[PDB]
2 protein chains.
Amino acid sequence: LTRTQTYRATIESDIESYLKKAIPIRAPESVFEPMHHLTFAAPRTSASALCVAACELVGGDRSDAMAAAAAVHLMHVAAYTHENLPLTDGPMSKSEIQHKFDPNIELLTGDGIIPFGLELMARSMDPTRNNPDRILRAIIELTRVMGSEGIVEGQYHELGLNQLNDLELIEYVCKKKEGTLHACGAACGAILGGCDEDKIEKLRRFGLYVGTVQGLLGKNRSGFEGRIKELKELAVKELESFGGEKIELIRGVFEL
Amino acid sequence: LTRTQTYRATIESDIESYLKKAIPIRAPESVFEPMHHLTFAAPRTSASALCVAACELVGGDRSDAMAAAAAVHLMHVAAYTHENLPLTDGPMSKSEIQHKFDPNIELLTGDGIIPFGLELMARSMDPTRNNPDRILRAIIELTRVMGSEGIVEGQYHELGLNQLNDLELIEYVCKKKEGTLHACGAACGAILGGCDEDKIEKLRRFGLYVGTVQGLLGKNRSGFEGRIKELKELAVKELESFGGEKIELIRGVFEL
């Protein structure tokens with residue numbers, strides 16, 4: 001592996017180890033079995049690593065952002081689970097997955113995973129009395145990503161979908177789902193990192209741009225090459241205000 | 001109406017109006033339409049009123065509990081929405097309701113409502129009081145009600161309940177759903193009104209007993225009347241060592 005890959009993977013290993021301490025497979029039974037299973041079977045999102053990297057970029061330790069990064073992963077897991085949830089007329093996502101558990105169980109496990117991430121984030125503060133306004137602000141960010149400003153807005157418009165036709169509607173969905181998830185990750189990193197009000201906004205915009213790109217790639221319909229270079233350039237702009245070699249690894253992680 | 005009824009109705013009206021400020025009908029536009037519809041169509045839970053009442057009881061102002069009380073209502077509506085949600089096998093709840101919106105929409109709207117309440121709660125921080133510690137502690141309580149310690153655990157076990165069933169299993173379901181909901185409301189009430197560790201747990205237990213009664217009552221299928229009287233006196237016991245006018249009103253609301 002390259003320095004960049006090693007860096008992403010180590011972050012992702014630290015996140016997974018952090019979650020494993022919080023969610024025992026302790027089951028068959030209690031929500032814990034489907035909660036443990038869905039969390040670690042789900043595809044990862046680069047939004048979780050951006051959270052940690054954003055925090056380090058501004059001088060935080062990674063233990064400062066571990067709870068946030070894990071919460072980001074969990075919001076994503078909750079969204080992913082509910083998107084692939086078989087309803088009356090099947091799931092919202094047309095690309096089918098394997099299900100080890102019944103629909104009813106996936107529904108409630110998704111419901112339990114949403115606040116669990118916010119509970120971990122809420123319960124991280126306090127050991128020596130750390131950042132109550134900060135952790136509260138981080139919580140605001142995560143609540144924003146899951147709801148009407150973020151993922152659920154995206155999923156709402158994802159319903160009226162068409163075959164690679166409405167490109168602006170597709171982009172909008174990517175911005176609201178993968179976009180908002182990265183924005184939140186980056187903004188949490190920065191908040192927990194102890195950051196300028198101005199520098200939070202910038203990393204937030206950064207996350208939005210790379211998250212939208214990550215979304216668009218996940219469509220892979222190519223009608224987007226020009227928009228992708230457009231957004232990548234905006235991502236770089238935001239980065240210019242920071243520095244210190246973590247910049248290079250972050251640029252690396254996001255193919256910039 | 002009696003003083004007790006008026007007192008409860010005023011609270012419920014103050015909660016509704018506080019929520020009406022936060023969720024626009026927005027007409028068709030966005031998840032806000034179903035979010036608004038489902039919030040104000042859903043049956044109320046007394047856990048919401050207990051929050052305000054618990055707060056006032058310990059010298060709190062009601063505007064201090066208003067966000068919490070609304071968040072409690074919202075947790076209850078997300079739960080209600082999801083358990084009546086038509087799946088492949090139909091809804092988890094055997095008691096059918098009317099559905100103005102499609103299953104897929106109800107699934108998104110439920111997911112948006114969960115963090116929204118926590119966001120309302122989080123955005124209520126009072127830097128001129130000491131709230132970041134307090135409000136953060138309130139968020140812990142609400143995250144608890146929704147998850148593995150609460151409603152989801154209850155719903156998980158409720159799966160596979162019929163006639164002539166496990167009575168201890170039924171009470172357990174009531175404890176985890178209605179019980180935890182009231183326990184959280186009461187405990188948030190206490191936290192936000194500003195009392196100590198000892199008195200918070202007393203109100204949380206109070207909430208648990210009365211919530212468990214509300215759940216058992218909301219079934220009335222056979223022989224619970226014995227256990228219901230046992231739980232009511234447990235609730236009164238908790239109320240000893242609290243004082244004031246509000247004690248009679250709370251005893252009234254919950255018929256102790």
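Lettering follows sequence order; numbering is per chain, from 1.
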Determine whether [X] and [Y] make a side-chain contact, defined as any pair of heavy atoms from C-beta on separated by less than 4.5 Å.
| X | Y | result |
| --- | --- | --- |
| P91(B) | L85(B) | no |
| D14(B) | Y18(B) | no |
| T212(B) | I228(B) | no |
| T143(B) | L118(B) | yes |
| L203(B) | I250(B) | no |
| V52(B) | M66(B) | yes |
| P24(B) | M35(B) | no |
| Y209(B) | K232(B) | no |

Within the supplied structure, the quantity of interest is the number of heavy atoms (other residues, nucleotides, ligands) at a distance under 6.0 Å from [X] [atom1]; does it exceed 12?
| X | atom1 | answer |
| --- | --- | --- |
| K20(A) | NZ | yes |
| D89(B) | CG | no |
| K229(B) | NZ | no |
| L1(B) | CG | yes |
| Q163(B) | CD | yes |
| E255(B) | CD | no |

Report task. List the steps and the verdict of side-chain contact (heavy atoms from CB on, under 4.5 Å) for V253(B) and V210(B). Result -> CA-CA 10 Å; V253(B) 161; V210(B) 69; over 6 Å; no
Going from [atom1] on [X] to [atom2] on [Y], what distance comes out if it is rounded to the nearest 0.5 angstrom?
| X | Y | atom1 | atom2 | value |
| --- | --- | --- | --- | --- |
| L38(A) | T81(A) | CG | OG1 | 5.0 Å |
| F116(B) | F32(B) | CZ | CZ | 5.0 Å |
| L208(B) | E178(B) | CG | CD | 11.5 Å |
| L142(B) | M121(B) | CG | CE | 7.0 Å |
| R251(B) | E248(B) | CZ | CD | 9.5 Å |
| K175(A) | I170(A) | NZ | CD1 | 15.5 Å |

With a 4.0 Å cut-off on N to O distance, would you call [X] and [Y] a salt bridge?
| X | Y | result |
| --- | --- | --- |
| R227(B) | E230(B) | yes |
| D133(B) | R137(B) | yes |
| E56(B) | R62(B) | yes |
| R8(B) | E12(B) | yes |
| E238(B) | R205(B) | yes |

Query - Pi-cation contact, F224(B) with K219(B) (under 6.0 Å, within 45°) - result: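 No, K219(B) and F224(B) do not form such a contact.
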Query - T180(B)/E149(B) under side chain to side chain donor-acceptor pair (under 3.5 Å): CA gap, chis, key distance, verdict - result: CA-CA 8 Å; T180(B) 308; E149(B) 308 199 34; over 6 Å; no
Query - side-chain contact (heavy atoms from CB on, under 4.5 Å) evaluation trace for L231(B) with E171(B) - result: CA-CA 11 Å; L231(B) 287 153; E171(B) 177 179 3; 4.0 Å; yes
**Report entry** Criterion side chain to side chain donor-acceptor pair (under 3.5 Å) against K177(B), the qualifying member of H76(B), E158(B), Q155(B)
**Finding:**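 It is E158(B), the one option of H76(B), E158(B), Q155(B) that forms the side chain to side chain donor-acceptor pair (under 3.5 Å) with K177(B).
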If every non-hydrogen atom of [X] is compared with every non-hydrogen atom of [Y], which pair is closest and at what distance?
| X | Y | answer |
| --- | --- | --- |
| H73(B) | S48(B) | N-OG, 3.1 Å |
| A190(B) | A54(B) | N-CB, 4.3 Å |
| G147(B) | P115(A) | N-CG, 4.2 Å |
| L120(A) | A22(A) | CD2-CB, 3.8 Å |
| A69(A) | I15(A) | CB-CD1, 3.6 Å |
| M75(B) | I114(B) | CE-O, 3.1 Å |

Report task. Just do the side chain to side chain donor-acceptor pair (under 3.5 Å) check on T2(B) and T4(B) with the steps written out, would you? Result -> CA-CA 5 Å; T2(B) 74; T4(B) 296; 4.6 Å; no
Requested in this report: Check step by step if side-chain contact (heavy atoms from CB on, under 4.5 Å) holds for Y80(B) and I97(B).
Outcome: CA-CA 10 Å; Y80(B) 180 88; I97(B) 63 173; 3.2 Å; yes
N/O donor-acceptor pairs under 3.5 Å from side chains in residues 102-113 of chain B, not counting sequence neighbours:
{"residue": "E106(B)", "atom": "OE1", "partner": "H99(B)", "partner atom": "ND1", "Å": "3.3"}
{"residue": "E106(B)", "atom": "OE2", "partner": "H99(B)", "partner atom": "ND1", "Å": "2.6"}
{"residue": "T109(B)", "atom": "OG1", "partner": "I105(B)", "partner atom": "O", "Å": "2.8"}
{"residue": "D111(B)", "atom": "OD1", "partner": "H82(A)", "partner atom": "ND1", "Å": "3.0"}
{"residue": "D111(B)", "atom": "OD2", "partner": "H82(A)", "partner atom": "ND1", "Å": "2.3"}

Requested in this report: Dump the intermediate steps for side chain to side chain donor-acceptor pair (under 3.5 Å) on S93(B) and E83(B), then the final yes or no.
Outcome: CA-CA 5 Å; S93(B) 182; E83(B) 54 197 59; 5.6 Å; no
Query - Stepwise side-chain contact (heavy atoms from CB on, under 4.5 Å) test for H182(B) and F254(B) - result: CA-CA 11 Å; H182(B) 286 75; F254(B) 293 106; 3.7 Å; yes
**Report entry** Audit row: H157(B), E153(B), side chain to side chain donor-acceptor pair (under 3.5 Å) steps and yes/no
**Finding:** CA-CA 6 Å; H157(B) 291 287; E153(B) 185 60 6; 2.9 Å; yes
**Report entry** For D126(A), all residues meeting side-chain hydrogen bond (donor to acceptor under 3.5 Å, both in side chains), sequence neighbours excluded
**Finding:**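 Applying side-chain hydrogen bond (donor to acceptor under 3.5 Å, both in side chains) to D126(A) gives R129(A).
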Query raised in the report: Residues in side-chain hydrogen bond (donor to acceptor under 3.5 Å, both in side chains) with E119(A), at least two apart?
Result: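 For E119(A) the side-chain hydrogen bond (donor to acceptor under 3.5 Å, both in side chains) partners, ignoring immediate neighbours, are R123(A).
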Report task. Quick one: do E141(A) and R144(A) satisfy salt bridge (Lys or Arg N to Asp or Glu O under 4.0 Å)? Show the steps, please. Result -> CA-CA 5 Å; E141(A) 280 303 308; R144(A) 194 179 71 71; 3.6 Å; yes
